[PDB]
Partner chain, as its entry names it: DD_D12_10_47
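In structure tokens, one chain follows: the form solved without the partner chain.
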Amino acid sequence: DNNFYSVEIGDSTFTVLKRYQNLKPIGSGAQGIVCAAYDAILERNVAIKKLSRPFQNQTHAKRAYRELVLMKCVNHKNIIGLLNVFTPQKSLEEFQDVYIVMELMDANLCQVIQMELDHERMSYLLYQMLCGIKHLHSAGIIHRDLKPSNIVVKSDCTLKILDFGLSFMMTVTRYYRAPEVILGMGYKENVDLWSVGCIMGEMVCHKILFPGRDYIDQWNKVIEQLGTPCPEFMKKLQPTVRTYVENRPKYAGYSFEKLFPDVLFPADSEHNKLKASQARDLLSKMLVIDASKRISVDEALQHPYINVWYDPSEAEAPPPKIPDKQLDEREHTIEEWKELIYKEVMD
């Protein structure tokens, strides 16, 4: 076009608005490739995600539609903001790709996990995650898919959640899935606190807590560390699941003192010893198999480890106004999704 130019990013073509220069690949997902770029108008670096034929199947479509809608109506410091959205295609018939422009962050949490963090940074990152989750909950959004790769960080320790979480498609969130998602029992808002527990545990010990090769192994990994759950939990399971869970080898589990010893934390000073004890107590309330006994986001935000950062403008921010049942995920055809997405892009 006269407003667009094309650069080759591997085996992929990025056709972007001329305002975006010096494209550099920073990552890839099932949706598409992400480039760092310089925005010459705003005079700041951005991230541009290319969504190739998002309407291609119902899974990509629902995800692309939810991403577009929620990014346009949410304005919270701990949720990635939408700077721009475009398509190089001139019409619906030619419509192929969607490009989402976001603020560029310095790293994702996978990188932070490979660092020892002092409690001030650790507790501030965790506080921000919980604010972002609490904001999603206040609008009726349960993430359910939180993992370190979808959480990004800046140099000044600011944190942002990249996606809104959410079937079959062709060509690693499982480690962070709550027992109620693993055992197909339905879920509440605190399904997200299990994922925070997984992420926090990983930020402390630098290794994936429950690295199951599948859902059966995933359950086995959970029970080995935490122990076989109460009979009160077993009674909440459907008979076919209740039989499978009850017939597994029995595990006593480990105390959080053995799972997360002082050797894994800064614990030299009296300040750090107290923080390590507080961080351990928080881990023990998040990594709870039975969701009815698990910490809520608000109790987590008010926990001694977290509450030093508590700011109601962040933790009690007015909920976003999602234009009704727009994300109910009703089945649509390939062409219906193609139209719904195009209309959201064009506005």
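Positions refer to the first chain, counted from 1. Whichever C-alpha set is largest while still superposing within 1.5 Å between the two forms counts as the rigid core.
Participant: Please confirm whether residue 171, modelled here, goes without coordinates in at least one third of the other compared entries that cover both its neighbours.
Facilitator: Looking at the other entries that model residues on either side of it, residue 171 is missing from at least a third.
Participant: Indicate yes or no: is residue 31 absent from the model in at least a third of the other PDB entries of this protein that were compared?
Facilitator: yes, residue 31 frequently unmodelled elsewhere, at least a third of entries.
Participant: Going by the record, give me the number of deposited-sequence residues missing between residue 166 and residue 167 as none, 1 to 3, 4 to 9, or 10 or more.
Facilitator: Gap between residue 166 and residue 167: 4 to 9 unmodelled residues.
Participant: From residue 91 on to residue 92, does the model leave out none, 1 to 3, 4 to 9, or 10 or more residues of the deposited sequence?
Facilitator: The entry leaves nothing out here.
Participant: Mean C-alpha B factor from the entry: is it higher for 196 to 204 or for 105 to 113?
Facilitator: Here the higher of the two C-alpha B-factor means belongs to 105 to 113.
Participant: So, looking at the entry's B-factor column for Cα atoms, which has the higher mean, 255 to 263 or 269 to 277?
Facilitator: Taking the mean B-factor of the alpha carbons in each, 255 to 263 is higher.
Participant: Among 308, 61, 48, 322, which residue carries the highest C-alpha B-factor recorded in the PDB entry?
Facilitator: Most elevated C-alpha B-factor of the set, per the entry: 322.
Participant: What's the residue among 37, 40, 30, 289 with the greatest CA temperature factor in the PDB record?
Facilitator: Of 37, 40, 30, 289, 30 has the highest C-alpha B-factor.
Participant: Would you check the entry's CA temperature factor for residue 240 and let me know if it's in the chain's lowest, middle or highest third?
Facilitator: Tercile = middle for this residue's CA B-factor.
Participant: Mind checking which third residue 142 falls in for C-alpha B-factor across the chain?
Facilitator: Residue 142: CA B-factor falls in the middle third of its chain.
Participant: Sorting the chain's CA B-factors, does residue 120 end up in the lowest, middle or highest third?
Facilitator: CA B-factor rank for residue 120: lowest third.
Participant: Where does residue 214 sit by CA temperature factor within its chain: lowest, middle or highest third?
Facilitator: According to the entry, residue 214 has a C-alpha B-factor in the chain's highest third.
Participant: Using the B-factor values recorded in the entry, state whether the Cα atom of residue 248 falls in the lowest, middle or highest third among the modelled residues of its chain.
Facilitator: For residue 248, the deposited C-alpha B-factor lands in the highest third.
A second form of this protein, the form solved in complex with the partner chain, is not displayed here; the remarks below concern that form.
Participant: My question is simply whether residue 216 lines the interface with the partner chain in the deposited complex - judged by any non-hydrogen atom within 4.5 Å.
Facilitator: Residue 216: contacts the partner chain in the deposited complex.
Participant: Look up in the deposited complex whether residue 284 has a non-hydrogen atom within 4.5 angstroms of the partner chain, and give yes or no.
Facilitator: Looking in the deposited complex, residue contacts with the partner chain do not include residue 284, since no heavy atom lies within 4.5 Å.
Participant: Indicate whether the partner chain has at least one heavy atom within 4.5 Å of a heavy atom of residue 75 in the deposited complex.
Facilitator: Contact check for residue 75: no, nothing within 4.5 Å of the partner chain in the deposited complex.
Participant: Closest heavy atom of residue 59 to the partner chain in the deposited complex, within 4.5 Å or not?
Facilitator: Contact check for residue 59: yes, within 4.5 Å of the partner chain in the deposited complex.
Participant: So the partner chain isn't shown here. In the deposited complex, which residue out of 294, 49, 303, 63 has a non-hydrogen atom within 4.5 Å of it?
Facilitator: Exactly one listed residue reaches within 4.5 Å, namely 63.
Participant: The partner chain isn't shown here, but in the deposited complex which of 183, 204, 226, 79 has a heavy atom within 4.5 Å of it?
Facilitator: It is 183 that has a heavy atom within 4.5 Å of the partner.
Participant: Only one of 90 to 98, 241 to 249, 193 to 201, 67 to 75 gets a heavy atom within 4.5 Å of the partner chain in the deposited complex; which is it?
Facilitator: Selected stretch: 241 to 249.
Participant: Any idea which of 58, 278, 296, 284 has its C-alpha shifted 2 Å or more between the shown form and the other one with the rigid core fixed?
Facilitator: After core superposition, the one over threshold is 58.
Participant: Does superposing the core leave residue 92 with a CA shift of 2 Å or more between the shown form and the other one?
Facilitator: Where the cores coincide, residue 92 still shows a C-alpha shift between the shown form and the other one that is 2 Å or more.
Participant: For residue 309, state whether the C-alpha moves by 2 Å or more between the shown form and the other one after rigid core superposition.
Facilitator: No; residue 309 is a residue whose C-alpha shifts by less than 2 Å between the shown form and the other one when the cores are overlaid.
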